[PDB]
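To keep things clear, I will list the structure first and then write my remarks on it.
Reckoned from all heavy atoms, side chains included, excluding hydrogens, waters and symmetry mates. Counting starts at 1 for both ligands and their atoms, in listed order. Per chain, numbering begins at 1; letters A, B, ... match sequence-line order.
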There are 2 protein chains.
Amino acid sequence: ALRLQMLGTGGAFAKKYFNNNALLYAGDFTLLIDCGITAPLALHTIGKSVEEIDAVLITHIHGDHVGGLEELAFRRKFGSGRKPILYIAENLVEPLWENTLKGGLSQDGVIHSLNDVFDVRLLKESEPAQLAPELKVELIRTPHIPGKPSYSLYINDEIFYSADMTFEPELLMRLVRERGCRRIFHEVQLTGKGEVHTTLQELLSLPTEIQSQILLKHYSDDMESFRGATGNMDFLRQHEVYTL
Amino acid sequence: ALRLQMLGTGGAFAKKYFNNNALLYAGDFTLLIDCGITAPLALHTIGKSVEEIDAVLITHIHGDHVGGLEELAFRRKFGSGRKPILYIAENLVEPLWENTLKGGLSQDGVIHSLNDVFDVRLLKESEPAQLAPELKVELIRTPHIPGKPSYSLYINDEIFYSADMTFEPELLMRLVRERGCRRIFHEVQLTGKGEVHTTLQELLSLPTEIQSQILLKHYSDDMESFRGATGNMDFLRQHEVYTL
Ligand SMILES: [Zn+2]
Ligand SMILES: [Zn+2]
Ligand SMILES: [Zn+2]
Ligand SMILES: [Zn+2]
């Protein structure tokens with residue numbers, strides 16, 4: 001059975017919680033979903049070696065989702081030398097390398113492209129990929145920063161992992177209505193206007209049945225002020241291991 | 001009098017110590033020297049608001065020195081809106097923006113260049129700059145990664161801050177002999193071959209008088225195994241406030 005453990009559950013600036021990055025365990029296969037500036041410290045905190053990461057999947061380009069990749073890449077290069085598999089949309093490959101990782105990683109005789117530190121495997125929007133015997137993943141293009149591609153994930157045909165996105169209640173409802181969706185992991189912006197994130201006020205306007213599927217992530221340091229005030233939804237606990 | 005507090009004293013992969021980033025205090029003026037993936041968490045740990053950072057100086061492009069700049073930039077943009085001053089060599093401006101920060105920070109109507117999030121002030125190699133009444137800083141070009149510009153700092157005409165560099169004992173000796181150098185903060189690679197860092201074995205070959213000036217930084221998680229074995233040198237303590 002698939003297992004999920006969040007390395008962190010926090011929004012980009014939270015300090016009680018690490019960056020919102022997920023570990024999925026399918027048998028011996030370990031997928032890291034996003035790898036922010038705190039992911040190395042978070043891995044250390046739960047006692048997980050970078051050698052145990054079989055693949056990394058990148059949902060969009062922001063420091064709390066890609067800022068730890070340089071450390072992961074170098075440590076694997078200097079350790080066993082095994083390049084982690086990197087799952088990513090084609091339209092994020094060039095920005096991730098050319099505008100994010102190249103500055104620190106590149107070195108004349110040594111590292112020239114993403115392929116020198118990762119085993120790059122492109123995912124196509126709405127084309128499911130069997131990552132491992134019990135782990136199927138489908139990218140869904142969703143909005144976050146205008147003009148920048150960002151993605152959510154549909155897992156094993158029944159788990160929606162929102163990653164970072166603005167409010168899309170028809171998407172949620174359609175996944176539950178047409179695609180068998182049973183569990184939803186949704187980011188939430190607890191205070192302020194939802195310009196590039198989904199607010200708690202927005203999620204509370206969802207129908208009761210959709211709220212019952214939702215565990216909340218990517219949240220700020222005031223999360224404890226809201227415990228018990230999220231209707232039928234609840235907050236993911238950082239480092240807890242969930243089955244499914 | 002000038003004061004120094006390391007946000008972290010660790011090498012790039014250390015987990016007992018944060019990334020090797022320095023705070024300098026000259027009266028009310030606060031300079032951050034480098035801003036790695038751990039710098040936001042380290043600032044939080046010592047209770048320092050990002051609003052108190054008056055300027056940031058970048059010695060070279062690596063995640064443990066620039067990987068926290070995206071979070072600093074965004075938090076200042078969304079907070080008081082005051083752009084931090086960024087001191088940097090001209091030949092690092094384009095790689096820092098185009099190949100490191102642009103991917104996550106850029107946004108069509110909003111952020112197009114480094115100047116949209118920083119007040120960029122170029123430093124010239126070997127041209128001292130008075131940052132504040134009691135803080136003069138001079139970039140010295142030193143080797144670290146072949147083909148990449150990286151810099152050390154000469155402060156108030158008498159403090160050498162090595163930042164990241166390979167072994168340059170004639171430089172040290174010449175600064176002590178010709179330029180009045182009284183204190184040296186030097187990176188150290190405790191184990192392994194010194195390909196892009198200075199090893200402890202190398203520093204131990206320095207003359208006794210030069211060792212007496214040196215406090216060690218950028219060190220790995222096995223630092224405590226070496227305490228008392230560094231001749232007349234000693235290890236910097238993370239978060240201690242030093243006068244000078
Ligand atoms: Zn995020
Ligand atoms: Zn984001
Ligand atoms: Zn370094
Ligand atoms: Zn470096």
From CA spacing to verdict: side-chain contact (heavy atoms from CB on, under 4.5 Å), B:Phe18, B:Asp64: CA-CA 9 Å; B:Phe18 293 123; B:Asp64 51 317; over 6 Å; no
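Between B:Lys77 and B:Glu71, none of the side-chain N atoms (NZ, or NE/NH1/NH2) sits under 4.0 Å from a carboxylate O, so this pair counts as no salt bridge. Under 4.0 Å is where a charged nitrogen must lie from a carboxylate oxygen, and between B:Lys124 and B:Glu90 no such pair does.
Considering A:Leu216, A:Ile159, A:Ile214 in turn, A:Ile159 is the only one that fulfils the side-chain contact (heavy atoms from CB on, under 4.5 Å) rule with A:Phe185.
A:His144 contributes NE2 and A:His62 contributes ND1; the angle these two atoms make at the Zn ion (ligand 2) is 100°, rounded to 10°. The Zn ion (ligand 1) forms the vertex of an angle spanning OD2 of A:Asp164 and NE2 of A:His218; to the nearest 10 degrees it equals 100°.
The closest approach of A:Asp64 to the Zn ion (ligand 1), by N/O/S atoms, is made by OD2. The atom name of the N/O/S atom in A:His65 closest to the Zn ion (ligand 1) is NE2.
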